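Throughout, a chain's letter reflects where its sequence line sits, starting with A, and its residues are numbered from 1. Atoms considered below: every heavy atom in the structure, side chains included; atoms not considered: hydrogens, waters and symmetry mates.
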Amino acid sequence: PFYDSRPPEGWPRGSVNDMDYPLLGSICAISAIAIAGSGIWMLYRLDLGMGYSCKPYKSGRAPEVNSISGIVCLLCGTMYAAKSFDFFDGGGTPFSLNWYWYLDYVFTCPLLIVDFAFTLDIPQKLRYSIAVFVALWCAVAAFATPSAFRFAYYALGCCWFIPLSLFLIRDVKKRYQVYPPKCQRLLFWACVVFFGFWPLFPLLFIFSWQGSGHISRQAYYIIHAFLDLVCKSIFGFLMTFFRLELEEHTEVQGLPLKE
Amino acid sequence: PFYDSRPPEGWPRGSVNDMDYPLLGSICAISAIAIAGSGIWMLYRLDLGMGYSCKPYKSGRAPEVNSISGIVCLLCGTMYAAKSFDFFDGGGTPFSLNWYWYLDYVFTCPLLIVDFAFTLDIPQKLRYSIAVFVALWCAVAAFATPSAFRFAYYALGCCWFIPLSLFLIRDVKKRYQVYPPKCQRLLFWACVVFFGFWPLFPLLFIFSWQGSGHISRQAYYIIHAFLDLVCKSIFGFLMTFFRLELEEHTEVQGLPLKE
Amino acid sequence: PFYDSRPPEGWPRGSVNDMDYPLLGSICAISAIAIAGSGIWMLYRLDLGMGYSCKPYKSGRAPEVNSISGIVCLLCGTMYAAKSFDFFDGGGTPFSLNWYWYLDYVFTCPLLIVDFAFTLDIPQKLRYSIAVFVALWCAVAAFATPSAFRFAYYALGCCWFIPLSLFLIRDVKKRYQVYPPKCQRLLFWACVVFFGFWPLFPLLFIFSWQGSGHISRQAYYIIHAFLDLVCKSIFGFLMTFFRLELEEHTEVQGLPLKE
Ligand SMILES: *C/C=C(C)/C=C/C=C(C)/C=C/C1=C(C)CCCC1(C)C
Ligand SMILES: *C/C=C(C)/C=C/C=C(C)/C=C/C1=C(C)CCCC1(C)C
Ligand SMILES: *C/C=C(C)/C=C/C=C(C)/C=C/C1=C(C)CCCC1(C)C
Ligand SMILES: CCCCCCCCCCCCCCCC(=O)O
Ligand SMILES: CCCCCCCCCCCCCCCC(=O)O
Ligand SMILES: CCCCCCCCCCCCCCCC(=O)O
């Protein structure tokens, strides 16, 4: 933290920072390995060529944007390693990626939507990416604010998040009929992640310590490990296989989209 | 702030933070709505097509860079909402966009000059955008520094700001003769904003509490609301209409620039 | 700093912040001028045309990416000016670019590798630039962390830094045979800077106050001034002359690469 520190005696018992630090560090360490591990495979696989047939790129190089899926996993995995270091040191360490909720998401979530946009040829990538960015800053503010104005930041966040989700549904509906069936099946599941799991984050806030107070900070850390596995890693596998299926169809078999 | 906080008793009377917080929150709330409102219209209008005749894009998509004007207004408006939240909570709230002068401009001002550069086909966009960025960081430092070194940061800021303003005048003089008369008229007014209102910010510093001490913090907050309306929103309307007039000429009427 | 401040009495004698502040400010001021000075020349020279013969660009504009070398020097020089201001004010000033080791490198080092990548036509520029970025954040954490976990952040940093150095060697080996001999000679020396001086930073950590404790903070500030002169300014001159020699060969003499 910028200001706070763990007392040398340790956090007081029952305080909000009296959590199970070895348990949380363990979960973060395992999450670090799985997510980074998945990112490595994604980048490895991209360099093998186009589609399942692994047809050589004409450039001899894979396209830069295709790396985004794998990179985001490498980034998120690295951040989970840092988070484990903080937890195994007992929390509140100077360089804590655990302390400011959602602060770490300000970098990765705009990359996710950009990746989705390039993969699907959704228009107005600049508009979507900045929208996610601003939304995440609203979440940071909502967790950082102790007063009733935390609800004001929530609503400000929803003014970006809900419009952008509805626009994206609209866009995705337009693209979906373009693609062959095996791509349609992977795009369905990518949609379940985006339109199904992204709304859970604002839903959880309502039961958090900033809302009804039904979910503790410890539980929240565990729940986000799992949500990060789905929204970064599984999501990444879906984008990767979506592209392999597309390339198999268009590049390796030379068939046209139903555009 | 990172360190400071409002006492629970409130700020001491006559302290520098003893301002009229309901007045400032009111002005920020209204500024939030006007500026974001203008951004929404800008994006709406862009999607209607090219020029006044609203001729369909060949891509079926407007160009990404054209969104910059509208996005900057959405961003600035959102930041004014946050600023109102801070003021209505009584100032010094943890997540304050009011506390560090010019910190919020570090994102938006480079976007403004990029927008201007793309709209006018000014060369070396990377050089201009980083120049503005660095200049704004010098302003942040100048307001953050209590000693006589605040003048050192001012001068460092002027080493970027004055060179870049003189280069931009030179560039603008080169483009101005290229364009048809209705574009020339809107470009004149865009220049009045850039070369006329941007210098006011460093001019105001000299009379601020970091200079002669003639202008208070409360007054400064009000003055910047107005300057933000001109430099983001009006500026945004000028870029938008400039493009509509250009496209009417080149795209809808198929006439050539005097290049 | 976010939290700490110099006592008004001054730092206590023998404390870690009891350094020779006029000496450090002097060295930073001189470094500011040389590095920024070199950046100015680089940008000036770029605008003169292609190669030694200064053949006009067909666009009438030099390519944006070519500005990166010069810009990085302007940026690094500006940061050295700020660093001098902090040192001449006696250290620990609110806006200190001296306080958080490596924090200032988080912006400039990714620009260096991008510049190198574009200059040499190395593939996967996104992968290299983010790799450097993440590595530098690991260094920031390693210096910021007082516990034995500083070694954990070091190792995390090495998981990015060593892979990316080995990949880059591999890539550079592929390009080297493409280019004419005078380019080969400048590329050799660019490699001595990258593969020879970049490893020194992690090597120095081991003898720093975060390792064996053989090198003081004062010495570290001086050593980095020199390393910054080599890794930004000299490196910048090498990229510039490499391009002039390439353009003389391909553009002004119209000979083909051995691709
Ligand atoms: C990889 C992690 C992801 C996709 C995280 C996403 C987070 C959100 C969609 C957060 C949204 C919001 C809150 C948690 C509270 C404030 C209001 C929202 C909607 C911006
Ligand atoms: C939308 C807001 C804008 C365009 C703000 C611009 C701000 C500046 C041009 C500031 C300049 C400087 C100071 C206020 C003081 C330090 C020196 C300058 C020239 C960098
Ligand atoms: C212009 C300055 C440059 C090129 C600085 C580079 C810095 C590094 C290569 C730093 C590396 C690391 C440490 C200093 C400690 C943590 C581990 C590393 C390898 C990330
Ligand atoms: C007072 C502040 C109001 C906040 C303004 C909210 C604006 C956010 C909505 C825009 C998101 C849309 C993203 C893509 C749209 C598209 O591509 O069609
Ligand atoms: C000691 C530090 C000195 C600071 C160096 C100041 C350099 C800034 C001037 C460059 C801005 C020019 C922007 C565009 C120029 C162009 O496109 O021709
Ligand atoms: C638990 C965290 C593990 C950290 C993961 C380390 C991954 C970094 C290695 C990738 C760097 C490679 C850069 C370019 C590679 C290429 O272009 O071929």
Counting neighbours of CZ on A:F167 that are heavy atoms of other residues, nucleotides or ligands and sit closer than 6.0 Å, is the number greater than 12? no

Output the option from B:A81, B:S84, B:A62 having the highest count of non-hydrogen pairs under 4.5 Å with chain A. B:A62

Heavy-atom cut-off 4.5 Å, strictly under: side chain, backbone, both or neither for B:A36 against chain A? neither

Surrounding CZ of B:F226 (heavy atoms of other residues, nucleotides or ligands, distance under 6.0 Å), is the total greater than 12? no

Out of curiosity, A:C159 SG to B:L74 CG, how far, rounded to the nearest 0.5 Å? 11.0 Å

Atom OG1 in B:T78, atom CD1 in A:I130: separation rounded to 0.5 Å? 11.5 Å

Note: A:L126 and B:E64 closest approach over all heavy atoms is N-OE1, 2.9 Å

Nearest heavy-atom approach of A:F149 to B:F85 is CD2-CB, 3.9 Å

Would B:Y3 and A:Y3 count as a side chain to side chain contact (heavy atoms under 4.5 Å, CB included) if you check the C-alpha gap in whole Å, the side-chain angles of each, and the deciding distance to 0.1 Å? CA-CA 6 Å; B:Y3 184 89; A:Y3 184 89; 3.8 Å; yes

Based on non-hydrogen pairs under 4.5 Å, which of B:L43, B:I68, B:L75 is most in contact with chain A? B:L43

Engaged part of A:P1 at the chain B interface, taking heavy atoms whose separation is under 4.5 Å: neither

More than 12 heavy atoms of other residues, nucleotides or ligands under 6.0 Å from CZ of A:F107: yes or no? no

Checking B:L111 against chain A: side chain, backbone, both or neither under 4.5 Å from a heavy atom? neither

Work out which heavy atom in A:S147 is nearest to a heavy atom in B:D89; give both atom names and the distance. OG-OD2, 2.7 Å

When you compare the side chain of B:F95 with that of A:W137, does any pair of heavy atoms fall below 4.5 Å? yes

Quick check: does any side chain N or O of A:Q124 sit under 3.5 Å from a backbone N or O of B:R61, one acting as donor and the other as acceptor? no

